[PDB]
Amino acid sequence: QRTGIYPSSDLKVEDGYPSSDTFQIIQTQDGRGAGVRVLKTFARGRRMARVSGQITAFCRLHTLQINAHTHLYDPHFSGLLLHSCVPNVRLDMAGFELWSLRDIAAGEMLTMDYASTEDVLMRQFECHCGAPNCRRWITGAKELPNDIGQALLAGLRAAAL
């Protein structure tokens, strides 16, 4: 009865896979590209969706890291989750489920800490999450800012005097 974000028929909304009546991909207007938006309210501590995708050996812009050498290619859903330094969802890559870390109001962008699942990103980027504590430049957890990132961080540091 409910229509799923994932195109595969075997992934059913009645089993927890995301529905287009609950999640929507939209183009942000603040330089973050496209991202997942929630259309209903979620209390903190609830499973918002089961997650799926295709196994691949290679890190890509729309993969998530499963373990040391294996990634999950999901350009329909979890790969379109935007980053925030203060995230409102956790993507559990062992149970393959998305959970609310806080109360999320309908219409809010869904955000994970990319460094919470990823050793290294496909690309580093300057962060537009707006949080009071923005790392400003976003990497994997096991990844040093590259020389562009170090230069931008230094200009911000001088400004901090």
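Start at 1 with the first residue shown and count on from there.
Averaged over CA atoms, B-factors in the entry run higher in 28-36 than in the other of 28-36 and 65-73. Higher average CA B factor: 128-136, of the stretches 128-136 and 113-121. In this PDB entry, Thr41 carries a Cα temperature factor that places it within the highest third of its chain's modelled residues.
In the PDB entry, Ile104 places in the middle third of its chain by CA B-factor. Among all modelled residues in its chain, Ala141 ranks in the lowest third by Cα B-factor.
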